[PDB]
Amino acid sequence: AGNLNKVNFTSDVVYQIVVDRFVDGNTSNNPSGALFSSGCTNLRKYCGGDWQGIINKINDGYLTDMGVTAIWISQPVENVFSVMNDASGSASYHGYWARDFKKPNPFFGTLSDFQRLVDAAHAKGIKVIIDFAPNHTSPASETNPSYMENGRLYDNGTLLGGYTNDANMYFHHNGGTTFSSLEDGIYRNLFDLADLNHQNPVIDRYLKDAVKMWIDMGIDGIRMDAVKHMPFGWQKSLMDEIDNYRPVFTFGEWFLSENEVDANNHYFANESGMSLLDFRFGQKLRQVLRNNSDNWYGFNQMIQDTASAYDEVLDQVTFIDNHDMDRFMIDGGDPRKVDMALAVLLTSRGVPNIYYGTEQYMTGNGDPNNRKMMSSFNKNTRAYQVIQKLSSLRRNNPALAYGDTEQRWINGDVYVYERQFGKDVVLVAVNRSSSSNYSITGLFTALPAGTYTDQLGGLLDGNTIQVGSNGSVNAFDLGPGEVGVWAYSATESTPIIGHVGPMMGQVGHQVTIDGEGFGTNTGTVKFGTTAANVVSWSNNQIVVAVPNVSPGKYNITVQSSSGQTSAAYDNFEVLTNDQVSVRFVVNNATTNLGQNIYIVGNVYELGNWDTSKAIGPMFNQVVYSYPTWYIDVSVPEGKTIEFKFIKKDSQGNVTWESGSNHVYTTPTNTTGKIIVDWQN
Ligand SMILES: [Ca+2]
Ligand SMILES: [Ca+2]
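If you count the sequence shown from 1, position 49 lands on 49 in the entry's author numbering, and the numbers rise without skipping.
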């Protein structure tokens, strides 16, 4: 324990747990009947893991001697109590079919049980991340109100309404998606889960209120579900909401396929105020180390493009697998591959996540074979020791949390990457081959001339290397499945910014800066050109309040009282004011070719009349259909705004609406909807 950092997870090791399948700490809170499967023989029903389960693993040391520092759990909220019609008889085991975002899942525990978890975590220096699924409710049939629980939504016990007879319009009624488009996937039902209508005021206040209730329990971060299923506008406004309240590390899950790259996803991580699960890394690692569909070359381009795709790559959440994929380990598979991926992940950029049981070599392909009940608590396996060693390095060498990545050597087989932050450096070499061997010559490093023992202690037949003149490393052999890790750390005395969190705020919010060379004597901090009042200074970390600057993006520099000034940390965003989700609708907006409609206006959130920063393209198929376009935008509340719509080509062309500006006074503490006509 100590001063936990809710907005800086770069130095953490995450352990993702699906509650139901971990440990059954309290058998008395077990469900019975068709909801329960004794022995977990049927993986689609409740098996029994509850919160007590977890506190036991925290207290008996399994998690803590592993080097785990943060725990990620299922959505704690009350789920539906009905069973599915399917062959299996599917229950809400996974905590994804919410019923009431304001009460606990009684199978997992009470509210108090809940509080004992966080605390049990806290006392031992372990952060807590909870799943939160604001997109939908539960599986429903409009036409068959008997189906499950009609996707019923409760408010602390009181009903709001179901999918059938939605007088209120709490949900969407545009069929389910086909994933034919981004739009298709937001305003349509993900499968048959009842899709919440975030534009609705009741809904918008209800979800925002709930998140708060949980934060109040003292969690440390949130993991958002079906990130590419909610609008964008609304989500940004929710992030505005948590930040004003009490900043917590938040990240969304935008599933990406094996060779998938999507600029929209890039944009989401960069602008929403929330970071993202790193699928590109995920899938990519999977290719080279488990699928043999790619090599290091791919991996390397992956790393390079990734650092340029994301403004804060350091904020991405990494993994070799999760609740949603086929476990890394296959039956009959080679367990050392796991060890290898683990060693790779723990030393890579981004916040590293380990899926429960990875360290036990658990197997299972597809849902729900990928969610068996925790097999063993064997603390002696190779996987576990590698986490042990690497978790300590990561806690120790800053290059791991904040350094960039440089390729020092590579074969389709051999990859030797370097991590550096200031003088801090960690060198890593891996031979993925099972049979070919190599002799690493002409290897060059940032490590100070010397002798280095493998940071693994030879767990993967790691060697001792020697650094001579000119950063030249002495030739050495690298056999099949070999992994060696060498690090160098030293005091800094030049101000270096390692991380900034959050990356979004209002005037007067609290921003935390992490680094080195800050110096014990409090200096000065700047946002662009303005000095920021500081609340606390240390050579490692400084907390400051955003100065009173104009809305926009600013660079952050650090100047020690000795005059040194740090390189800047880019893109801190200062928002005009409290955000609200507004639905901008435009009628009779006909178009050409690639031509699309956008929105631009007089406020920062709407680009300040710069068509290069216009919001869009706008939607025109679901809620409204072309020639009518719509979009949900996050914008300042209680503000009279001016905006116009524009048609933008494939290659830049801009066609303005041709008359006076459209005016509108954005609502306060709630959503708004505005519809106008394209002024020809
Ligand atoms: Ca139980
Ligand atoms: Ca949706």
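Even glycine gets a Cβ: it sits at the ideal position worked out from N, Cα and C.
Would you say the beta carbon of residue i is closer than 7 angstroms to some non-hydrogen atom of ligand 2?
i: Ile-186; result: yes
i: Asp-195; result: yes
i: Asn-264; result: no
i: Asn-135; result: yes
i: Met-224; result: no
i: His-173; result: no
i: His-323; result: no
i: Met-230; result: yes
So, at 7 angstroms on beta carbons, what are the nonlocal neighbours of residue i in its own chain, with the 5 sequence-adjacent residues on each side left out?
i: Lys-102; result: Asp-155, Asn-156, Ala-210 and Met-213
i: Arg-336; result: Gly-481
i: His-229; result: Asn-135, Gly-185, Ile-186 and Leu-190
i: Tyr-664; result: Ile-641 and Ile-674
i: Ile-203; result: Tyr-170, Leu-196 and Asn-197
i: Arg-394; result: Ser-11, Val-13, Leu-346, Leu-400 and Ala-401
i: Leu-111; result: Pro-104
i: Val-80; result: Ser-92, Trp-97, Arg-99, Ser-138, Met-148 and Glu-149
Cβ of residue i versus every heavy atom of ligand 1: is any distance shorter than 7 angstroms?
i: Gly-48; result: yes
i: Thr-41; result: no
i: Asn-30; result: yes
i: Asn-105; result: no
i: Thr-110; result: no
i: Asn-56; result: no
i: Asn-26; result: yes
Got a sec? Which residues, its chain only, sit under 6 angstroms from residue i by beta carbon, not counting five neighbours each side?
i: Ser-376; result: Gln-360
i: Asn-571; result: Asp-311 and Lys-553
i: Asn-521; result: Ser-561
i: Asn-365; result: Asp-326
i: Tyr-355; result: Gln-16, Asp-321 and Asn-322
i: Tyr-488; result: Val-425, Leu-447 and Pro-448
i: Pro-547; result: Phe-527, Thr-530 and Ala-532
i: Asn-369; result: none
i: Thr-524; result: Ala-531 and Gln-559
i: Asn-26; result: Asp-50 and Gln-52
i: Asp-131; result: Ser-74, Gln-75 and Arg-223
Quick one: measure Cβ to Cβ for residue i and residue j, integer angstroms, because I've assumed they're closer than 8 angstroms.
i: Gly-273; j: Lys-236; result: 6 angstroms
i: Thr-666; j: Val-586; result: Going by Cβ atoms, the distance from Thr-666 to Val-586 rounds to 17 angstroms, so no, they are not a contact pair.
i: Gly-252; j: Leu-289; result: Their Cβ separation, rounded to whole angstroms, is 26 angstroms, which puts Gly-252 and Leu-289 out of contact at 8 angstroms.
i: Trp-296; j: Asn-431; result: Between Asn-431 and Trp-296 the Cβ distance is about 10 angstroms, and since that is not below 8 angstroms, they are no contact.
i: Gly-53; j: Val-23; result: 3 angstroms
i: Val-416; j: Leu-400; result: About 16 angstroms separates the two Cβ atoms, so there is no contact after all.
i: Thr-347; j: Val-485; result: 7 angstroms
i: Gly-594; j: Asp-677; result: About 24 angstroms; that fails the 8 angstroms criterion.
i: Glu-605; j: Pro-636; result: 6 angstroms
i: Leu-478; j: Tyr-452; result: Not a contact, Cβ separation roughly 15 angstroms.
i: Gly-350; j: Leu-390; result: The pair is not a contact, with the Cβ atoms about 14 angstroms apart (cut-off 8 angstroms).
Could you pull out every residue in the same chain whose Cβ sits closer than 8 angstroms to the Cβ of residue i, ignoring the five residues on either side in sequence?
i: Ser-90; result: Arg-44, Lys-45, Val-83 and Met-84
i: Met-169; result: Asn-197 and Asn-200
i: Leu-4; result: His-122, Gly-125, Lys-127 and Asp-220
i: residue 688; result: The question about residue 688 has no answer, for the chain in this structure spans 1 to 680.
i: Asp-243; result: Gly-273, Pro-502, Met-504, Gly-505, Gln-506 and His-509
i: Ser-88; result: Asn-42, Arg-44 and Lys-45
i: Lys-673; result: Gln-199, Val-582, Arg-583 and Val-585
i: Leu-207; result: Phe-101, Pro-134, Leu-196, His-198 and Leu-238
Check your understanding: In chain order, which beta strand (DSSP E) runs of at least 3 residues are fully inside the segment 646-673?
Key -> Correct list: 654-656 and 662-665.
Check your understanding: Taking the runs of the beta strand (DSSP E) that are 3 residues or longer, which of them lie wholly in the segment 374-443?
Key -> With a minimum length of 3 residues, the continuous beta strand (DSSP E) runs that stay inside the segment 374-443 are 404-410, 414-421, 424-431 and 438-440.
Practice item. Can you check the segment 528-577 for any beta strand (DSSP E) of at least 3 residues that lies completely inside it and give the ranges in chain order? Key: Considered as a whole, the segment 528-577 harbours 534-536, 541-545, 552-559 and 569-574 as its complete beta strand (DSSP E) runs of no fewer than 3 residues, in chain order.
Practice item. Quick one: which unbroken beta strand (DSSP E) runs of 3-plus residues sit fully inside the segment 80-166? Chain order, please. Key: Secondary structure in the segment 80-166: the beta strand (DSSP E) runs of 3 residues or longer, each lying completely within the stretch, are 98-104, 127-132, 136-139, 153-155 and 158-161 in chain order.
Review point. Which ranges would you report for the alpha helix (DSSP H) in the segment 320-362 if only whole runs of at least 4 residues count?
Key: Contiguous alpha helix (DSSP H) elements confined to the segment 320-362 occur at 336-347, taking only those with 4 or more residues.
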